[PDB]
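Because the Cβ atoms are built from the backbone with ideal geometry, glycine has one as well, and the counts that use them run over all protein chains shown. Here, each number is a calculation from the coordinates, and none is a lab measurement.
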Ligand SMILES: *[C@H](O)[C@H](C[C@@H]1CCNC1=O)NC(=O)[C@@H]1[C@@H]2[C@H](CN1C(=O)[C@@H](NC(=O)NC(C)(C)C)C(C)(C)C)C2(C)C
Ligand SMILES: *[C@H](O)[C@H](C[C@@H]1CCNC1=O)NC(=O)[C@@H]1[C@@H]2[C@H](CN1C(=O)[C@@H](NC(=O)NC(C)(C)C)C(C)(C)C)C2(C)C
């Protein structure tokens, strides 16, 4: 038992991190087969990044401008191209540690692991979620760009995030592995509005089920409610609406506990209107929304990978 | 910026995890050089587990009773021996993936990363603390025994924890790698209870510094206090005493923010007496005590490992 913010094992990804240097800009790259992926603003200078013209900047570049470092091995660059906001550097050596992988673009609400890196080397691994305003609440310092987010399904790494920039509210923005930003953000140092964030209601319900599975079952009550009357209190409390699809995804969790989905909604309703009265759920004094229904099931049934 | 529960990258440890099977019992083992380390209750039958004398089952075992899979490859066992509560199975093959390592015994308050495993396969990685009562608040299902906890300095894995058992409050107990339990627990199904937990004061203060370093600022005040005045408040609220050694360890953080340790104590003091009143610190509604001052510095300074 017990319930923790759990990240996927990071080995398969560590073997792909390299360091990319152009001018006096160092950041991290992702080396898969004979291609190194990194954010395109590695080619900018401190004077450039007020409003650069990226394909101007890239045409002025040669392969030899890009210093690509894998441990101590230097990696020869033999071609380059720009796909939206990521740079793709063709190198003369296929990464022998290339895992089975996919590139996927994830929806808001879904979670992934982040392997924070600096100068090609991993610093740490943590879990988080793609907020409904398409930001992530990460932990990223200077030089962390190029760090990636990922899920693991048995043997195969699905990369979903590359890190690009910090917004002034302390949150983070980046792209998928095809260079397309999540949200309305751009890799230019002009004024950008993060947008107001809502709580991921389906995830909060999932964590409430994790709480029941782990013995926390105060906050449960008599009541039931309709999706309309629940959705109508979630509106007040800045929660995103609950759909029938959400109801269905929580089915397995609902069946394993004997608490129907609309009953757990009546608990959430009552928790929102009254607060927690000095109590904690799974060691938290707030309602947590960064566990999906899948995160709950895999952690409370012990699903593994290889 | 930003601040999350960050675990060490788990690559070096994944390549050491194996499966150990004896009788009907399966758990995980740690394979370094030609030795596999696992909990000794793998030799128990489901009826022995009431009060086994472990030198029993061991002298009654033969080498071929131990089935050890490293992936599909079966490792032949050519010797065995017991060191306190762990078995050491000598196998005929040195692990080619053996990282540089040490075995260390941590103190309460210190944190480490856990790579939870099932049937030799890594399932997830998270961070946590050795509680003052020598429990850890983990996430462990059946088959997780033999999973290890660890730290990393530059390039060296310091294993500090092997998992053995769950206590009835939902918390977990285990050994160091040299066989000795943390706390007064034994690997028998006899009645045992954790003992009353306290809060790691020095860690709460470190986390407050992380909050300041990240712009959470609302909890500061004019006041200062003495260590003796503060420790009388810590005692009422079930907090560990603060020593002058703790004050010194908090120096770096104190110097980076310009807030004296005894100033941060005076504002922890008022947080304890007024509570938090709505608001949060680093996304939490509780005072967090599972970050050490080393954890705060490395995450805020971006220390990496190789
Ligand atoms: C790449 O390693 C860094 C990682 C940053 C640095 C600290 N935290 C991070 O996530 N990214 C950047 O330096 C990007 C890069 C240039 C500016 N930038 C930022 O993150 C800046 N933020 C903004 O300028 N944000 C707005 C919304 C555009 C105003 C920052 C935080 C000032 C360095 C560019 C965006 C190309
Ligand atoms: C080894 O894989 C498991 C891991 C446990 C099982 C679920 N979560 C865990 O942490 N460890 C055990 O099976 C140990 C082992 C036998 C019993 N045991 C337990 O953890 C049991 N707990 C207790 O017996 N606790 C008291 C306090 C001694 C009564 C449990 C959780 C009921 C299966 C032995 C201790 C040898």
Chain A: radius of gyration and largest Cα-Cα distance (Dmax), Å: 21.7, 69
Spacing of the two label points (7 Å from each Cα toward its C-beta) at residue B:248 and residue B:154, in nm: 2.5 nm
Nearest 10 degrees, 0 to 90: helix B:261-274 Cα axis against chain B principal axis: 90 degrees
Acute angle (nearest 10 degrees) that the helix B:227-236 long axis makes with the longest principal axis of chain B, alpha-carbon atoms: 60 degrees
With Cα atoms, 0 to 90° folded angle of helix A:201-213 axis to chain A main axis: 60 degrees
Fraction of alpha-carbon pairs over 36 Å apart in the protein assembly as shown - percent: 41 percent
Alpha-carbon centroid distance for the pair the stretch A:251-301 / the stretch A:184-250, whole angstrom: 10 Å
Average other protein chain Cβ within 10 Å of Cβ, residues A:135-144: 3
Set of the stretch A:271-306 residues, backbone N closer than 15 Å to the point 7 Å along the Cα-Cβ line of residue A:218: A:271-272, A:274-287
Residue-averaged 222 nm ellipticity for the protein assembly as shown, from DSSP H runs of 4+ at -39500 (n - 2.57), nearest 500: -6000 deg cm²/dmol
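How shielded is B:114-122 by partner chains, expressed as the average number of their Cβ atoms within 10 Å of its Cβ atoms?
That average works out to 4.
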Binned Cα-Cα distances of the stretch A:198-301, short to long, each 10 Å bin given as a whole percent: 16, 56, 28, 1
Estimated distance in nm for a label pair at residue A:192 and residue B:260, the labels positioned 7 Å out from Cα along Cα-to-Cβ: 4.3 nm
Inter-part distance where the stretch B:114-174 and the stretch A:103-172 are each reduced to a Cα centre, Å: 25 Å
Least to most buried among A:134, A:140 (fewest other Cβ within 10 Å first): A:134, A:140
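What is the fewest-to-most order of A:55, B:288, B:178 by other Cβ atoms lying within 10 Å of their Cβ?
On the way: A:55 10, B:288 20, B:178 15.
Going from sparsest to densest Cβ surroundings: A:55, B:178, B:288.
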Neighbour-count ranking [beta-carbon atoms within 10 angstrom, fewest first] of A:154, A:161, B:101: A:154, B:101, A:161
Unit Cα scatterers, Debye sum, the stretch B:15-99: log10 I(q)/I(0) for q = 0.24 Å⁻¹: -1.19
Mean Cα-pair separation over length for the stretch B:198-301, i.e. relative contact order, pairs under 8 Å, 6 or more apart, %: 48 percent
Relative contact order of the stretch B:8-131, defined on C-alpha pairs under 8 angstrom at six or more residues apart (%): 30 percent
